[PDB]
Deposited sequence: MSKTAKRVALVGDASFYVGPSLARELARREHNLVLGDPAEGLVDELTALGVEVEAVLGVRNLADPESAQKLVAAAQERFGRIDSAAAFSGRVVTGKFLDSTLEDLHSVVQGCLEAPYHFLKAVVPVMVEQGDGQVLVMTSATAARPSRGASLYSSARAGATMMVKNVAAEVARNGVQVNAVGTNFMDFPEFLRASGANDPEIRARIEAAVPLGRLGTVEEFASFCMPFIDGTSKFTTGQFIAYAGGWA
């Protein structure tokens, strides 16, 4: 019955979210799923909408496309999760303007466009749960802080409409080689409908 939208189920972090959500009886709108997921899930009894070519949320069009798709197929968006990241490291004095532009695009523009597209739908619905997943590194640390602010401020604004907005951090990519399945299970409280009163938080797995 409930509809869950996951921006990226290509690669590995997103698929596990889809599995835990499917167990919790949530129909799915998946962005660029890896093959054998649409099929696996449809067999498990959950309806699935594939939205293609929407991995770069910086593209104003991408998030718009994911939402349009969810609205046409299911007519509702109860949960939405999106991973926002661009990897840029280096001491400050060694960075480039391009590096700053890249972190802003990934950790500020990609969430911005996501929220600006999903939240209107949930505002009209009077309910909704949003989850922004964020990924020494002066510029990167800086964008995360902004994305953290962004999430807290937007939450304060749209709580009046019954919509939750929270953010989660992950240690993966510091070791590209616990599991993701445990991380998905941990994400579920923000998107499965069980807890609806937490908002504007940043938690670290």
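No C-alpha positions are given in the record for the deposited-sequence stretches 1-5, 141-148, 191-215, 244-248.
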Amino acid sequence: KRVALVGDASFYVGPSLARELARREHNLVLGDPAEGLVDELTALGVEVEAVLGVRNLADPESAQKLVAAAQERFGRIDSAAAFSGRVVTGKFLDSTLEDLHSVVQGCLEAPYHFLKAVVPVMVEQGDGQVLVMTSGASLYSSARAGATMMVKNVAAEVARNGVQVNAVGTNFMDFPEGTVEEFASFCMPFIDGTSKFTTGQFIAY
From here on, numbers count along this sequence of modelled residues.
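When the two stretches 54-62 and 150-158 are set side by side, the higher mean Cα temperature factor goes to 54-62. Of the two segments examined, 159-167 and 41-49, it is 41-49 that shows the higher average Cα temperature factor in the deposited entry.
Considering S79, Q125, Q105, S135 together, the PDB entry gives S135 the largest C-alpha B factor. For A145, the recorded CA B-factor ranks within the lowest third of the chain. Only modelled residues enter the ranking. In the deposited entry, the Cα temperature factor of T96 sits in the bottom third of values across the chain's modelled residues. Sort the chain's modelled residues by C-alpha temperature factor and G85 lands in the highest third, per the entry.
In the deposited entry, the Cα temperature factor of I191 places it in the lowest third of its chain's modelled residues.
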